[PDB]
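Here's the letter readout for the chains.
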Amino acid sequence: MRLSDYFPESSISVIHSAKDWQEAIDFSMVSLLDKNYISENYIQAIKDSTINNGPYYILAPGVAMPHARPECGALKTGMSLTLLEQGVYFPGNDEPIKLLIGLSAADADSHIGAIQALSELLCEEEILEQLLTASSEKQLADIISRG
């Protein structure tokens, strides 16, 4: 699938460090919230679950995918991509996360389609290296355009 189809515009960020574990989820989601792909409750569902148990979607050491079910407050279907130069430690995870990709979907089938698209990035260690070393939002965006 074209990866770019899920990325509106403001969806791609490089950050020195998130302020805390909650702000890392917020920076993974704010670009979707800003175009109302989601409601505010959608972010808080991920935060509350993370506090209660831990991050659901860890795909490799240092790599996460903040997301909640459509019914938690998604409104449309899209993604985000956020890199933290120093990372941040999520509770109950084994090490700090440096790379986060946001996802929202209006329906479970749209969620499956979106997941199958981003698996072409999150399940390819060659892409994970290039995302983790990305000097800029431009280098992050190139990897999206490559999909």
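Residues numbered from 1 in each chain as written, not as in the entry; some residues may be left out. Heavy atoms only, no water.

With the PDB entry as reference, the protein is termed Mannitol-specific cryptic phosphotransferase enzyme IIA component, source organism Escherichia coli. This entry's official PDB title is "Solution Structure of the mannitol- specific cryptic phosphotransferase enzyme IIA CmtB from Escherichia coli". UniProt lists a comment for the protein under the heading Function, and it reads "The phosphoenolpyruvate-dependent sugar phosphotransferase system (sugar PTS), a major carbohydrate active transport system, catalyzes the phosphorylation of incoming sugar substrates concomitantly with their translocation across the cell membrane. The enzyme II CmtAB PTS system is involved in D-mannitol transport." UniProt's Subcellular location comment on the protein is quoted here verbatim: "Cytoplasm". (UniProt positions renumbered as here; feature names shortened; annotations may be inferred.)

(A) How the structure looks around the nonpolar core. Ranked by size, the top nonpolar core spans 26 residues in total, and within it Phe7, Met79, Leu81 and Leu118 carry the most contacts. Those elements that provide at least two residues to this core are β5 (81-88), α4 (108-122), α5 (125-132) and α6 (137-145). At six residues, α4 tops the list of elements feeding residues into this core. In contact with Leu118, not counting residues within four places along its chain, are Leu3, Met65, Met79, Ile101 and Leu103. (Core = buried A, V, L, I, M, F, W, Y, C linked by side-chain atoms within 4.5 Å. Buried < 20%, exposed > 50% of the residue type's maximum accessible area, 1.4 Å probe, protein only. Helix = DSSP H or I, 4+ residues; strand = E, 2+ residues; numbered from the N terminus. Contact = heavy atoms within 4.5 Å.)

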